[PDB]
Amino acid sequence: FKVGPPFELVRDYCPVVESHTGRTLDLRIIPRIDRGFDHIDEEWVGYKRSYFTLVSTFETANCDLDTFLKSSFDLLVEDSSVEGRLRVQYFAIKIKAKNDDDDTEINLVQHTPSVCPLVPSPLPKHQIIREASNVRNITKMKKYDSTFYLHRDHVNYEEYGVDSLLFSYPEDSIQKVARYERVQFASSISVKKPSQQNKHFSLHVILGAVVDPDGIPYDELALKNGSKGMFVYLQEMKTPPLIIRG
């Protein structure tokens, strides 16, 4: 494990507002790469046969988790789409790899990326990510449970309303930290141009809202009840240019 390529803001997309208070939700993705890249003379270098670890959470400025989970949020589209407000079923994160030059998407292979549902939370320290990674100790894993998950089936249900965000999440076990362990680039990718000069890649992290089937950037998504949902972009961050040794 080691300090990896830093993340920078790429863009903020659709604004999110609470349906009851009209309060705008201020969001901030907090991603970090914990291994897989070396910093050689002002350049980040990765390797084909190697793999990398990327973790991420997101935060909501001045909004405590309890209130957040009890709230209802609407996405605000505008102009062309101008639909108005789309109800958020839940928030999730996804990562992608791109050709930092022509912005072409590079496929990633993970060891089990995917759309990870997530609730606001600070990003755990580097060492904790380790002690929680591949260390399946029953007692130990229970010391990190409150750090990595929110078990909806344990909250006081009488405190939440029918439209509460908590109850629109797909599963009872909800992650607090999106952990992408053992990720590699597809072995089919070309890491050099015909001239033999290195190609440049970039890792992206996108925070988004999953909304019901019914011009804005989003990905089509296979929901939980067989329905076709939409993963609408809220915020995106990326690493600086990366090079991949073959």
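Note that residue numbering follows the sequence shown and begins at 1.
In this entry, residue 112 is separated from residue 113 by 10 or more residues of the deposited sequence that have no coordinates.
Gap check for residue 214 to residue 215: 4 to 9 deposited residues are absent from the model.
Look at the mean CA B-factor for 28 to 36 and for 185 to 193 in the entry; the higher one is 185 to 193. For the two regions 40 to 48 and 61 to 69, the entry's Cα B-factors average higher over 40 to 48. Across 94, 140, 98, 154, the greatest Cα temperature factor reported in the deposited entry is at 140. The entry assigns its greatest Cα B factor, within the set 116, 119, 123, 77, to 77. Annotation for residue 238: C-alpha temperature factor in the lowest third relative to the rest of the modelled chain, per the entry.
Sort the modelled residues of the chain by CA B factor and residue 165 lands in the lowest third.
Ranked by C-alpha B-factor against the other modelled residues of its chain, residue 4 falls in the middle third. In the deposited entry, the Cα temperature factor of residue 89 sits in the bottom third of values across the chain's modelled residues.
Placement of the Cα temperature factor of residue 105 within the chain: highest third of the modelled residues, per the deposited record.
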